[PDB]
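Some notes on the structure that comes next.
FYI, it's all coordinate maths here, none of it is from the lab. We place every Cβ from the backbone using ideal geometry, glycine too, and count neighbours over all the protein chains shown.
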Amino acid sequence: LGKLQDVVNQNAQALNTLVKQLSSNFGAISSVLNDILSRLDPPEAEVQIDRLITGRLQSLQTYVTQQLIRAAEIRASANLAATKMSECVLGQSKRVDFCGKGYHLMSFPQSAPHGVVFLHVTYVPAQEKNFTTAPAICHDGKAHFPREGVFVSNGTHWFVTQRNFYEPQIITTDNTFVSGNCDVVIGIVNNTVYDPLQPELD
Amino acid sequence: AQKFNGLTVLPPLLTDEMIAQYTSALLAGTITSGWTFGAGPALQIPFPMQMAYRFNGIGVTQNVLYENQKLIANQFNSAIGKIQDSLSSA
Amino acid sequence: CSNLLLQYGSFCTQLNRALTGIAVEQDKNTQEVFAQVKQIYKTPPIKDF
Amino acid sequence: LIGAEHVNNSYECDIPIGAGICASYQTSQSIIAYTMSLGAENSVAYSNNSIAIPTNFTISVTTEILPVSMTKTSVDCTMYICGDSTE
Ligand SMILES: *[C@@H]1O[C@H](CO)[C@@H](O[C@@H]2O[C@H](CO)[C@@H](O)[C@H](O)[C@H]2NC(C)=O)[C@H](O)[C@H]1NC(C)=O
Ligand SMILES: *[C@@H]1O[C@H](CO)[C@@H](O[C@@H]2O[C@H](CO)[C@@H](O)[C@H](O)[C@H]2NC(C)=O)[C@H](O)[C@H]1NC(C)=O
Ligand SMILES: *[C@@H]1O[C@H](CO)[C@@H](O[C@@H]2O[C@H](CO)[C@@H](O)[C@H](O)[C@H]2NC(C)=O)[C@H](O)[C@H]1NC(C)=O
Ligand SMILES: *[C@@H]1O[C@H](CO)[C@@H](O)[C@H](O)[C@H]1NC(C)=O
Ligand SMILES: *[C@@H]1O[C@H](CO)[C@@H](O)[C@H](O)[C@H]1NC(C)=O
Ligand SMILES: *[C@@H]1O[C@H](CO)[C@@H](O)[C@H](O)[C@H]1NC(C)=O
């Protein structure tokens, strides 16, 4: 895991750098402040003490700025994770390529140390077949358009299937609607409609 | 320049050329397949099919595109010319 | 000048690591935007759309 | 770059270098440098009366990694900056 390891390693190395900062003189003649107190008088060793104060203050200010920036990016990541929770897990999100690569169904959150993961369940097609399509069917001068599917042909006859699955069905009135005349679409094909009311009225 | 004082500029990992190649491949995917290539394998589709599907996505029935497809194509071409002319004029 | 820089080598290490992080995140920003697909789709020679 | 031979073929790279060229360890075997391959160069057959309707699906699971918190630390000047001295 990379996104959960850097947030710990960078913090650990920042704490280690803070520890290492006390081992430097910052231009003074000793690192520990007790040494100059023991070997030099406080009236004379005031400037070295003040230099150590300035160096430690600069190191603390740099660490505070770094921690503020890390907290800002952690806040942004937490807001993103909360939105991903509330959309992908607590419902189904219509945003494409947001809850994983594919058509999202649901996500399963899992606890993580100083983090969170989401177990997205996507819907990707596996096998596809090439087909010849047409926007409209000219039956009796009226152009038929699919309500939710698309006209497809296997070479001899025509069917209508949904967008993400191949479910061939007979061209009928229940899944098609008419609009206008036949001479409005640049590409149209001639066929017939089942009209499943005609055989039942006999 | 600004490199004489050692303020060295790191070259990017991706140059302009393969960024342009990425954009061209994405354009080809979105004009030849719509959104199938962004959520799985690319599926071939006619462009008016995709246009009617985008129209269906905003609550407009797909029967209106094929009745005035030339008008929508001319409007799209005019809009492309307009954005090109506006960008040429920062 | 380099002799007195051992007292602030920790500061220098922090600055160098910060710029290295800036550079690597600037590199990764382009990968998260343009590299959405892993297959380069060629434009068909037919321009009749 | 020294210590890595240059080869004209292109693969997917793992160690980035910059300016569109990477380095990797392939076939004995030695470190080679090559231009990174943006992906599988394939063409999609496009036609005004050709469609592709999927007939099967695979339920896939995608892993995402997101941190939400970090270790809460408290720092005080008096026992960091100073030791056991009043001055
Ligand atoms: C295209 O689809 C049609 C409709 O399903 C197929 O025609 C049927 O094929 C089955 C398979 O032997 C026969 O039992 C039926 O009697 C056929 N019905 C009609 C009305 O012909 C056709 O075979 C399919 N063609 C291809 C190439 O797949
Ligand atoms: C689809 O059907 C229409 C009408 O049934 C056909 O249009 C006819 O075409 C013939 C000769 O091609 C003309 O003599 C008729 O006057 C046309 N009628 C109308 C109403 O336009 C059309 O040709 C058919 N298309 C195909 C490919 O068979
Ligand atoms: C859709 O894909 C799945 C996954 O490969 C197919 O399921 C396999 O079917 C074969 C033969 O029927 C079996 O030997 C495997 O054990 C099945 N695998 C699993 C994981 O169930 C399925 O048959 C495909 N469907 C169609 C219509 O092609
Ligand atoms: C369908 O046929 C066309 C050419 O006839 C081909 O380019 C395409 O790859 C085929 N589709 C599939 C899924 O095999
Ligand atoms: C598809 O395009 C080809 C080439 O321009 C053309 O010959 C054919 O008539 C077109 N088909 C339709 C249905 O528009
Ligand atoms: C790679 O192939 C090209 C093809 O012409 C050739 O010009 C070039 O010299 C080759 N590079 C190497 C390193 O062999």
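Counting only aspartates and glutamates at least 8 places from B:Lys70 when in the same chain, those with an alpha carbon closer than 15 Å to its own are A:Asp183, C:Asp48.
Tell me, what is a quarter of the convex hull surface for the C-alpha atoms of chain C, in nm² with one decimal?
6.4 nm²
Which of B:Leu26, D:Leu38 has the fewest other C-beta atoms within 10 Å, and how do the rest follow up to the most?
Numbers: B:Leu26 18, D:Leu38 21.
So the residues, fewest neighbours to most, are B:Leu26, D:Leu38.
Taking 7 Å steps out from each Cα toward its Cβ at C:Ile46 and B:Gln75 produces label points 2.7 nm apart.
What dipole magnitude, in Debye to the nearest 20, does the protein assembly as shown give about its Cα centre under +1 on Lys/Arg Cβ and -1 on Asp/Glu Cβ? The partial results should precede the final answer.
Values: 25 positive and 34 negative charges, 32 e Å.
Here the protein assembly as shown has a charge dipole of around 160 debye.
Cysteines of chain D lacking any other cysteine Cβ under 4.7 Å from their own Cβ: D:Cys77, D:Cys82.
The angle between the Cα long axis of helix C:9-31 and the longest principal axis of the Cα atoms of chain C comes to about 0 degrees, rounded to the nearest 10. Across the options A:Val178, A:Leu52, A:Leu105, the greatest Cα extent toward the positive end of the charge dipole of the protein assembly as shown (unit charges at beta carbon of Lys, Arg, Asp, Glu) belongs to A:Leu52.
How far is helix A:6-21 tilted, in degrees, relative to the longest principal axis of the Cα atoms in chain A, given as a value from 0 to 90 rounded to the nearest 10? Compared with the principal axis, the helix lies near 10 degrees.
What shape does chain D have by the C-alpha gyration tensor, where a ≥ b ≥ c are the square roots of the eigenvalues, rounded means a/c under 1.5, and otherwise prolate means a/b greater than b/c and oblate the rest? Working shown, then result.
Values: a/c = 4.07, a/b = 1.69, b/c = 2.41.
Taking the square roots of the gyration eigenvalues as a ≥ b ≥ c, chain D is oblate.
Between helix A:46-84 and chain A there is an angle of about 10 degrees, using the helix long axis and the longest principal axis of the Cα atoms.
A simple count of charges around B:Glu67, restricted to other residues whose Cβ falls under 14 Å of its Cβ and scoring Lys, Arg +1 and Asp, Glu -1, yields +1.
If both residues of a DSSP beta bridge must be in the protein assembly as shown, then about 85% of such bridges are antiparallel. For the pair the range A:133-151 / the range B:52-86, the C-alpha centres are spaced 20 Å from each other. If you wrap the tightest convex hull around every Cα atom of the range D:1-46 and split its volume per residue, you get 92 Å³. Cross-link list A:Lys20/D:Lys72; A:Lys94/C:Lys47; A:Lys142/C:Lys47: which exceed 22 angstrom alpha carbon to alpha carbon? A:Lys94/C:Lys47; A:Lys142/C:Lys47, as the Cα separations exceed 22 Å there. Treating cross-link reach as a plain straight distance, find the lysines whose alpha-carbon is under 17 Å from the alpha-carbon of C:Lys28, omitting any fewer than eight places away in the same chain. Within the straight-line cut-off, C:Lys28 pairs with A:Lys3, C:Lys38.
Pop the C-beta distance of A:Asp140 and A:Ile69 into the FRET formula with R0 = 41 Å and round what comes out to the nearest 0.05.
Values: r = 71 Å, r/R0 = 1.72.
Rounded to the nearest 0.05, the efficiency is 0.05.
Among B:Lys82, A:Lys129, the order by Cβ neighbours within 10 angstrom, fewest to most, reads B:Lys82, A:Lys129.
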